[PDB]
Amino acid sequence: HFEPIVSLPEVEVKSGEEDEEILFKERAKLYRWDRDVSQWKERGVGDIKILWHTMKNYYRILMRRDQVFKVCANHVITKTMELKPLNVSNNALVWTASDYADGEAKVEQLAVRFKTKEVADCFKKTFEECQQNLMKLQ
Amino acid sequence: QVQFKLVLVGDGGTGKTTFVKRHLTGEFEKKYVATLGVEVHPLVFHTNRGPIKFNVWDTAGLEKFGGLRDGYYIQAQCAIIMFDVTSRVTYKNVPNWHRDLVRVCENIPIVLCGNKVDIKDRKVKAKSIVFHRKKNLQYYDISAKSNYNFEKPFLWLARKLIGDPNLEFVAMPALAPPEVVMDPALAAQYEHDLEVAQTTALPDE
Amino acid sequence: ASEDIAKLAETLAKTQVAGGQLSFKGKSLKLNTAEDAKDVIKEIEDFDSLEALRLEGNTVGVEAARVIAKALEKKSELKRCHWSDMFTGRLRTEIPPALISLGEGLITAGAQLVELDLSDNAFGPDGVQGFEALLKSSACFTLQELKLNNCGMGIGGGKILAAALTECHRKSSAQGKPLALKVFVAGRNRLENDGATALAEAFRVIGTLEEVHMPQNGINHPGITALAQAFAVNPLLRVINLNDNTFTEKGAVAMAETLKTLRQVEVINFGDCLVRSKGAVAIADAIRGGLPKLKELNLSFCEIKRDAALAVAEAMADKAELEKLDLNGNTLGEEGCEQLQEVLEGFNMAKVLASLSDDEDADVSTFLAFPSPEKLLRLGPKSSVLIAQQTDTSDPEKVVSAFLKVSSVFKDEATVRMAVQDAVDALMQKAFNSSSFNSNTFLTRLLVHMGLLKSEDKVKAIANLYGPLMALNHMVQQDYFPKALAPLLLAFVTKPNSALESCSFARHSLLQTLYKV
Ligand SMILES: Nc1nc2c(ncn2[C@@H]2O[C@H](COP(=O)(O)OP(=O)(O)OP(=O)(O)O)[C@@H](O)[C@H]2O)c(=O)[nH]1
Ligand SMILES: [Mg+2]
């Protein structure tokens, strides 16, 4: 029907995961804390993953939205992380992180809710194991 | 870069601002705060042909038609006419919005979006939607709440503008974060937020 | 529709030849600056008696709003202000300021605001906060109509408006002249349940309402029950318009409960309300129980079934002053429509119901044989003499036949006509320069063949005389044509005939040429 207005040649797609190993990948919902209104606002729904690099040897939490495939959470794991269960609700975790999703660092309290409880337990165990591996390197 | 001024038009209370916010932040603004004038929101998508940007002019549906708002439509290249599935009065106005758009911009990809398809008491049905057949439009059911076909309109508009029928979204060009940085001056404040974070429940329905 | 004529009468009642309404409707003025509103303020100042101000279809900025408010400060007789759609294009930082400035101007002026319309302005909670100051103040103790259609208030705006209305009623009662609202039009604002309940509470205080419109508010049954309970108190209700909400079934039952106790309702619009064929039965019972003065009742697109439709029709028929019933869009069978029509015509009306249009359930001889325009061209310049040479000109009959065949393919195309005319000239030049050739015989045969004259042996005539007439017209202007055959052609061309009136232009040109000589 309508004639084209702009022609774009096909380009290669490079996602920063070729040289990293996926130690975890599960469906989840990510919520960001909104201090101005003091209520949780949905940040997205998608596959949250805990990637680990081989040479640089760093652990990175990554997440992409469902259909648009935008990055809704992306940060590094540090010994100062305080992942802990959320008293209200169930099978949910909360932690503060210097998220680098949109355009720059922002200190955000992220709450992740999984489908069931065993998945959340596995995620917490992997998080703790990554923290311990980072700490023991010293 | 590539920019395609998109115009989001529809009756008041249909979900234009909620649609744009769910696209650019992922949240779900369940409060009805009527948009005044026009709001410009850039949405950056990545496709197999590279990155594109849609400058969504979310217009206010409460205003009347006429030339007073033609400033919104000047130099437009794609339009999304949004109507509420659970309200026939809002569907009766789709012809008026289409006429108002084609008055200023004659031939442009126009997508009809039926919003709020997750509610059980549905008034407008797939059989009664006959306007898009008379003209040359693409009709899509969307739901900014449950994320049902909430990116199909943008995909179709990109397909018709770029000119590649087989265009589809690629994952992302996301690279590693620059470096961990913290400011101990405000660090305590951050902790305080967590002390309140655990004291509120997630918006779970 | 009696509503149209009622509105027409109301509009007629408020037209004056002088000292009346001042309007700017349909001017698209962009009052973006104080100076840019110089004409508007100058016109407002130069007005003897002001009793209405329309600013529809304009764009009032903050500075223009302040200037107009300062101008209005003088006008103390103002009683109405239709400000429908006077902020098209302004952002959120410019509407509340302008609205507050206008409210302050009216308050300091000392008006009475019998009517206050703000339809089609994108306000939301911000605009509601903006004009709440005007609504509460003494300028709206006498207010009788408050049209806020399509203001897009929302839940917060609805709550604020309800609080303002309650405070205004309290202050007015304290003064001694309680607020008596008559028409309230708040549609398309998404007052889903909190706003609807707040406004129902506001209505419960005021017992003077007569009309209430809340279409397209996304109200569900939990709020509609409260709205119906609030309506029940008001005994003077006349129009109950709640088009395009969601009553399901509980809402319809609650509405029937109040309709039982109301005895002055005249219009009941419940289109697109999803009554679902049970609330239809409840409403039918309520109206049957007694509800005179009813003029309209709309249940279109309520997904009503056949039996409930028949029940409501039977209940409605007993009404005396019924003037319109709508059931289009309900899932009525094709036989259901016929049954409903039969039931209605069993009564006097028989036509009150609206149309149920939406329901669900070497080659010279070869050319001469069959002459054609293109075949003549192929001969080239040879056609000038080839036709003349081939034709036997001793006998006028063959000359006439050749002339007719040549002229039959005559066309207005420049190349073809010239070839035809030169061929004809050559043929007649060879024909007329023969002692053994009587011209009168040729003319008589030509007239006979064209049908203008009859013959001893009936030779079949030709169909179209355009070509022969054009060829004759050309021939008459040549020298070889005798000056004695002109009268015969003139007499038989002015001679009436059906075959000639078909080609009027050729006949007229030939006659002019003949009268030249
Ligand atoms: N149930 C349901 N409600 C929705 C959905 N999408 C939007 N809504 C509701 O619709 C309302 C739309 O609000 P807004 O988008 O901010 O208003 P708008 O669409 O811009 O309308 P205007 O500002 O007047 O042009 C929201 O308050 C939501 O509660 C949906 O997918 N499902
Ligand atoms: Mg809006």
# chains A, B, ... in the order shown; residues from 1 in each chain; ligands from 1

$ residues_near_ligand --ligand "ligand 1" --cutoff "6 Å" --atoms "only C-alpha atoms and all ligand atoms" --output "ChimeraX atom specification"
/B:11-18,30-35,60-62,116,118-119,143-145 /C:152

$ write_last_selection --atoms "N, CA and C atoms" --output "mmCIF file, in the first residue's frame"
data_model
loop_
_atom_site.group_PDB
_atom_site.id
_atom_site.type_symbol
_atom_site.label_atom_id
_atom_site.label_comp_id
_atom_site.auth_asym_id
_atom_site.auth_seq_id
_atom_site.Cartn_x
_atom_site.Cartn_y
_atom_site.Cartn_z
ATOM 1 N N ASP B 11 -10.059 9.563 22.164
ATOM 2 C CA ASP B 11 -10.943 10.228 23.108
ATOM 3 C C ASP B 11 -10.365 10.169 24.517
ATOM 4 N N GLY B 12 -10.822 11.094 25.357
ATOM 5 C CA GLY B 12 -10.329 11.140 26.721
ATOM 6 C C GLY B 12 -10.689 9.877 27.482
ATOM 7 N N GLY B 13 -9.737 9.393 28.273
ATOM 8 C CA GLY B 13 -9.965 8.201 29.064
ATOM 9 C C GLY B 13 -9.815 6.904 28.307
ATOM 10 N N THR B 14 -9.002 6.885 27.253
ATOM 11 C CA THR B 14 -8.843 5.697 26.427
ATOM 12 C C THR B 14 -7.573 4.918 26.729
ATOM 13 N N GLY B 15 -6.492 5.591 27.108
ATOM 14 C CA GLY B 15 -5.271 4.904 27.478
ATOM 15 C C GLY B 15 -4.063 5.317 26.665
ATOM 16 N N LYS B 16 -4.127 6.480 26.020
ATOM 17 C CA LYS B 16 -2.992 6.944 25.234
ATOM 18 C C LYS B 16 -1.777 7.189 26.119
ATOM 19 N N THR B 17 -1.948 7.990 27.171
ATOM 20 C CA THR B 17 -0.833 8.273 28.065
ATOM 21 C C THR B 17 -0.383 7.014 28.790
ATOM 22 N N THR B 18 -1.329 6.170 29.206
ATOM 23 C CA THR B 18 -0.961 4.906 29.834
ATOM 24 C C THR B 18 -0.197 4.016 28.866
ATOM 25 N N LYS B 30 -2.519 3.753 36.899
ATOM 26 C CA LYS B 30 -3.934 3.446 37.042
ATOM 27 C C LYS B 30 -4.764 4.652 37.456
ATOM 28 N N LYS B 31 -4.133 5.784 37.755
ATOM 29 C CA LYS B 31 -4.857 7.022 38.001
ATOM 30 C C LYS B 31 -5.109 7.733 36.680
ATOM 31 N N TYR B 32 -6.276 8.356 36.566
ATOM 32 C CA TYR B 32 -6.634 9.101 35.364
ATOM 33 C C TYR B 32 -6.275 10.564 35.583
ATOM 34 N N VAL B 33 -5.111 10.966 35.086
ATOM 35 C CA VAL B 33 -4.680 12.356 35.096
ATOM 36 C C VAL B 33 -4.745 12.837 33.653
ATOM 37 N N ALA B 34 -5.774 13.615 33.334
ATOM 38 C CA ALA B 34 -5.999 14.030 31.959
ATOM 39 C C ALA B 34 -4.798 14.794 31.426
ATOM 40 N N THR B 35 -4.362 14.430 30.224
ATOM 41 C CA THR B 35 -3.247 15.109 29.582
ATOM 42 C C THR B 35 -3.712 16.455 29.044
ATOM 43 N N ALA B 60 -4.216 15.447 23.704
ATOM 44 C CA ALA B 60 -5.315 15.398 24.655
ATOM 45 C C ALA B 60 -6.611 15.100 23.918
ATOM 46 N N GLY B 61 -7.333 14.083 24.381
ATOM 47 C CA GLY B 61 -8.597 13.731 23.770
ATOM 48 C C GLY B 61 -9.775 14.564 24.213
ATOM 49 N N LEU B 62 -9.623 15.337 25.286
ATOM 50 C CA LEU B 62 -10.720 16.149 25.792
ATOM 51 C C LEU B 62 -10.978 17.385 24.943
ATOM 52 N N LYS B 116 -8.181 -1.708 26.319
ATOM 53 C CA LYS B 116 -8.948 -2.233 27.449
ATOM 54 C C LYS B 116 -9.690 -3.517 27.087
ATOM 55 N N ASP B 118 -9.021 -6.407 28.270
ATOM 56 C CA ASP B 118 -8.917 -7.364 29.363
ATOM 57 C C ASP B 118 -10.132 -7.358 30.281
ATOM 58 N N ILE B 119 -11.069 -6.440 30.087
ATOM 59 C CA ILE B 119 -12.256 -6.350 30.927
ATOM 60 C C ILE B 119 -13.313 -7.300 30.384
ATOM 61 N N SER B 143 -3.975 -4.051 25.174
ATOM 62 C CA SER B 143 -4.317 -3.886 26.583
ATOM 63 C C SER B 143 -3.055 -3.440 27.302
ATOM 64 N N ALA B 144 -3.008 -2.169 27.695
ATOM 65 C CA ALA B 144 -1.834 -1.648 28.377
ATOM 66 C C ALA B 144 -1.643 -2.256 29.758
ATOM 67 N N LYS B 145 -2.635 -2.979 30.276
ATOM 68 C CA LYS B 145 -2.533 -3.594 31.595
ATOM 69 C C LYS B 145 -1.877 -4.969 31.523
ATOM 70 N N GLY C 152 -12.989 15.705 31.712
ATOM 71 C CA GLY C 152 -11.957 14.746 32.050
ATOM 72 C C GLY C 152 -11.461 14.897 33.473
#

$ interface_residues --of "chain A" --to "chain B" --cutoff "9 Å" --atoms "only C-alpha atoms" --output "number ranges by chain"
A: 1-17, 31, 33, 35, 38-45, 60, 64-65, 67-72, 74-76, 78, 85-89, 94-96, 98-101, 104-105, 107-109, 111

$ residues_around --residues "residue 9 of chain B" --least-positions-apart "3" --cutoff "7 Å" --atoms "only C-alpha atoms" --output "PyMOL selection string"
chain B and resi 58-59+61+80-82

$ write_last_selection --atoms "N, CA and C atoms" --output "PDB file, in the first residue's frame"
ATOM      1  N   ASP B  58       1.646  12.494  22.273  1.00  0.00           N
ATOM      2  CA  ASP B  58       0.405  12.114  22.927  1.00  0.00           C
ATOM      3  C   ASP B  58      -0.455  13.360  23.053  1.00  0.00           C
ATOM      4  N   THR B  59      -1.550  13.415  22.299  1.00  0.00           N
ATOM      5  CA  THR B  59      -2.415  14.580  22.350  1.00  0.00           C
ATOM      6  C   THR B  59      -3.530  14.361  23.365  1.00  0.00           C
ATOM      7  N   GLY B  61      -7.333  14.083  24.381  1.00  0.00           N
ATOM      8  CA  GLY B  61      -8.597  13.731  23.770  1.00  0.00           C
ATOM      9  C   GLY B  61      -9.775  14.564  24.213  1.00  0.00           C
ATOM     10  N   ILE B  80      -1.797   6.923  15.452  1.00  0.00           N
ATOM     11  CA  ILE B  80      -2.461   5.856  16.185  1.00  0.00           C
ATOM     12  C   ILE B  80      -3.748   6.433  16.749  1.00  0.00           C
ATOM     13  N   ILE B  81      -4.877   6.002  16.198  1.00  0.00           N
ATOM     14  CA  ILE B  81      -6.191   6.390  16.695  1.00  0.00           C
ATOM     15  C   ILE B  81      -6.636   5.326  17.685  1.00  0.00           C
ATOM     16  N   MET B  82      -6.805   5.722  18.939  1.00  0.00           N
ATOM     17  CA  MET B  82      -7.076   4.790  20.022  1.00  0.00           C
ATOM     18  C   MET B  82      -8.493   4.992  20.527  1.00  0.00           C
TER      19      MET B  82
END

$ residues_around --residues "segment 124-133 of chain B" --least-positions-apart "2" --cutoff "12 Å" --atoms "only C-alpha atoms" --output "count of residues only"
45

$ atom_distance --atom1 "atom CA of residue 313 of chain C" --atom2 "atom CA of residue 231 of chain C"
24.7 Å

$ closest_atom_pairs --of "chain C" --to "ligand 2" --cutoff "12 Å" --atoms "only C-alpha atoms and all ligand atoms" --output "JSON lines"
{"residue": "C:91", "atom": "CA", "partner": "ligand 2", "partner_atom_place_in_ligand_line": "1 (Mg)", "distance": 11.8}
{"residue": "C:92", "atom": "CA", "partner": "ligand 2", "partner_atom_place_in_ligand_line": "1 (Mg)", "distance": 11.7}
{"residue": "C:122", "atom": "CA", "partner": "ligand 2", "partner_atom_place_in_ligand_line": "1 (Mg)", "distance": 9.4}
{"residue": "C:123", "atom": "CA", "partner": "ligand 2", "partner_atom_place_in_ligand_line": "1 (Mg)", "distance": 11.2}
{"residue": "C:124", "atom": "CA", "partner": "ligand 2", "partner_atom_place_in_ligand_line": "1 (Mg)", "distance": 10.1}
{"residue": "C:152", "atom": "CA", "partner": "ligand 2", "partner_atom_place_in_ligand_line": "1 (Mg)", "distance": 9.5}
{"residue": "C:153", "atom": "CA", "partner": "ligand 2", "partner_atom_place_in_ligand_line": "1 (Mg)", "distance": 11.8}
{"residue": "C:154", "atom": "CA", "partner": "ligand 2", "partner_atom_place_in_ligand_line": "1 (Mg)", "distance": 11.8}

$ write_last_selection --atoms "N, CA and C atoms" --output "compact mmCIF listing (two decimals), in the first residue's frame"
# COMPACT_ATOMS: atom_id res chain seq x y z
N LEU C 91 -0.81 24.06 28.05
CA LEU C 91 -0.20 23.01 28.85
C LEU C 91 -0.76 23.05 30.28
N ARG C 92 -0.18 22.23 31.16
CA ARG C 92 -0.67 22.13 32.53
C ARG C 92 -0.28 23.33 33.39
N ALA C 122 -9.90 20.51 28.84
CA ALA C 122 -9.09 19.48 29.48
C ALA C 122 -8.63 20.02 30.83
N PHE C 123 -9.39 19.70 31.88
CA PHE C 123 -9.09 20.20 33.22
C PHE C 123 -8.37 19.16 34.08
N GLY C 124 -9.00 18.02 34.32
CA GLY C 124 -8.49 17.08 35.28
C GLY C 124 -8.53 17.68 36.68
N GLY C 152 -12.99 15.71 31.71
CA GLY C 152 -11.96 14.75 32.05
C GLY C 152 -11.46 14.90 33.47
N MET C 153 -12.39 15.01 34.42
CA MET C 153 -12.00 15.25 35.81
C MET C 153 -11.31 14.03 36.41
N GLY C 154 -11.98 12.89 36.42
CA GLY C 154 -11.44 11.71 37.04
C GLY C 154 -11.91 11.56 38.47

$ atom_distance --atom1 "atom CA of residue 23 of chain C" --atom2 "atom CA of residue 213 of chain C"
25.9 Å

$ interface_residues --of "chain C" --to "chain B" --cutoff "9 Å" --atoms "only C-alpha atoms" --output "MDAnalysis selection string"
chainID C and resid 28:30 57:59 85 87:92 95 120:126 150:156 188:190 215:216 218 243:246 248 272:274 301:302

$ select_by_dssp --residues "segment 104-137 of chain C" --states "alpha helix (DSSP H)" --output "PyMOL selection string"
chain C and resi 104-109+124-136

$ write_last_selection --atoms "N, CA and C atoms" --output "PDB file, in the first residue's frame"
ATOM      1  N   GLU C 104     -11.444  34.779  40.097  1.00  0.00           N
ATOM      2  CA  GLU C 104     -11.278  35.948  40.955  1.00  0.00           C
ATOM      3  C   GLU C 104     -11.928  37.177  40.336  1.00  0.00           C
ATOM      4  N   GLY C 105     -11.774  37.354  39.023  1.00  0.00           N
ATOM      5  CA  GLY C 105     -12.411  38.483  38.367  1.00  0.00           C
ATOM      6  C   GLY C 105     -13.918  38.456  38.520  1.00  0.00           C
ATOM      7  N   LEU C 106     -14.527  37.293  38.278  1.00  0.00           N
ATOM      8  CA  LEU C 106     -15.974  37.189  38.438  1.00  0.00           C
ATOM      9  C   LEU C 106     -16.387  37.419  39.886  1.00  0.00           C
ATOM     10  N   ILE C 107     -15.630  36.873  40.840  1.00  0.00           N
ATOM     11  CA  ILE C 107     -15.991  37.022  42.248  1.00  0.00           C
ATOM     12  C   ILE C 107     -15.965  38.489  42.650  1.00  0.00           C
ATOM     13  N   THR C 108     -14.897  39.200  42.284  1.00  0.00           N
ATOM     14  CA  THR C 108     -14.808  40.610  42.646  1.00  0.00           C
ATOM     15  C   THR C 108     -15.835  41.442  41.892  1.00  0.00           C
ATOM     16  N   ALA C 109     -16.221  41.013  40.688  1.00  0.00           N
ATOM     17  CA  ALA C 109     -17.256  41.731  39.955  1.00  0.00           C
ATOM     18  C   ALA C 109     -18.580  41.707  40.708  1.00  0.00           C
ATOM     19  N   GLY C 124      -9.000  18.022  34.317  1.00  0.00           N
ATOM     20  CA  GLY C 124      -8.493  17.084  35.284  1.00  0.00           C
ATOM     21  C   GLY C 124      -8.525  17.681  36.677  1.00  0.00           C
ATOM     22  N   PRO C 125      -7.869  17.014  37.628  1.00  0.00           N
ATOM     23  CA  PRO C 125      -7.814  17.563  38.989  1.00  0.00           C
ATOM     24  C   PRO C 125      -7.219  18.956  39.044  1.00  0.00           C
ATOM     25  N   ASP C 126      -6.268  19.274  38.166  1.00  0.00           N
ATOM     26  CA  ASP C 126      -5.670  20.605  38.172  1.00  0.00           C
ATOM     27  C   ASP C 126      -6.710  21.676  37.867  1.00  0.00           C
ATOM     28  N   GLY C 127      -7.466  21.503  36.783  1.00  0.00           N
ATOM     29  CA  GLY C 127      -8.496  22.476  36.459  1.00  0.00           C
ATOM     30  C   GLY C 127      -9.611  22.509  37.487  1.00  0.00           C
ATOM     31  N   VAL C 128      -9.946  21.350  38.058  1.00  0.00           N
ATOM     32  CA  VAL C 128     -10.960  21.330  39.106  1.00  0.00           C
ATOM     33  C   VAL C 128     -10.500  22.163  40.294  1.00  0.00           C
ATOM     34  N   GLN C 129      -9.237  22.008  40.697  1.00  0.00           N
ATOM     35  CA  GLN C 129      -8.677  22.888  41.717  1.00  0.00           C
ATOM     36  C   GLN C 129      -8.734  24.340  41.268  1.00  0.00           C
ATOM     37  N   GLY C 130      -8.514  24.582  39.976  1.00  0.00           N
ATOM     38  CA  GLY C 130      -8.499  25.949  39.484  1.00  0.00           C
ATOM     39  C   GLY C 130      -9.822  26.660  39.682  1.00  0.00           C
ATOM     40  N   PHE C 131     -10.922  26.018  39.289  1.00  0.00           N
ATOM     41  CA  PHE C 131     -12.229  26.671  39.357  1.00  0.00           C
ATOM     42  C   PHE C 131     -13.035  26.287  40.595  1.00  0.00           C
ATOM     43  N   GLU C 132     -12.461  25.497  41.505  1.00  0.00           N
ATOM     44  CA  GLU C 132     -13.114  25.262  42.788  1.00  0.00           C
ATOM     45  C   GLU C 132     -13.302  26.564  43.553  1.00  0.00           C
ATOM     46  N   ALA C 133     -12.332  27.475  43.460  1.00  0.00           N
ATOM     47  CA  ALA C 133     -12.452  28.746  44.162  1.00  0.00           C
ATOM     48  C   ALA C 133     -13.673  29.519  43.683  1.00  0.00           C
ATOM     49  N   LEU C 134     -13.891  29.559  42.368  1.00  0.00           N
ATOM     50  CA  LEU C 134     -15.095  30.193  41.844  1.00  0.00           C
ATOM     51  C   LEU C 134     -16.345  29.453  42.298  1.00  0.00           C
ATOM     52  N   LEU C 135     -16.315  28.120  42.257  1.00  0.00           N
ATOM     53  CA  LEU C 135     -17.517  27.355  42.579  1.00  0.00           C
ATOM     54  C   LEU C 135     -17.949  27.578  44.024  1.00  0.00           C
ATOM     55  N   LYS C 136     -16.995  27.611  44.955  1.00  0.00           N
ATOM     56  CA  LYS C 136     -17.346  27.778  46.363  1.00  0.00           C
ATOM     57  C   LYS C 136     -17.827  29.190  46.670  1.00  0.00           C
TER      58      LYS C 136
END

$ select_by_dssp --residues "chain A" --states "strand (DSSP E)" --output "count of residues only"
61

$ residues_around --residues "segment 474-476 of chain C" --least-positions-apart "4" --cutoff "12 Å" --atoms "only C-alpha atoms" --output "PyMOL selection string"
chain C and resi 403+407+410+417-418+420-429+432+467-470+480-487+489-490+506+509-517

$ closest_residue --among "B:188, B:183, B:3, B:142" --to "residue 106 of chain A" --atoms "only C-alpha atoms"
B:183

$ residues_around --residues "segment 392-397 of chain C" --least-positions-apart "2" --cutoff "6 Å" --atoms "only C-alpha atoms" --output "PyMOL selection string"
chain C and resi 399-400+431+442

$ write_last_selection --atoms "C-alpha atoms" --output "CSV table (one decimal), in the first residue's frame"
chain,number,residue,atom,x,y,z
C,399,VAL,CA,-20.9,8.6,-60.2
C,400,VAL,CA,-23.4,9.0,-57.4
C,431,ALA,CA,-17.9,13.9,-64.0
C,442,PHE,CA,-27.1,13.2,-61.0

$ atom_distance --atom1 "atom CA of residue 24 of chain A" --atom2 "atom CA of residue 92 of chain A"
16.3 Å

$ residues_around --residues "residue 361 of chain C" --least-positions-apart "4" --cutoff "7 Å" --atoms "only C-alpha atoms" --output "ChimeraX atom specification"
/C:331-333
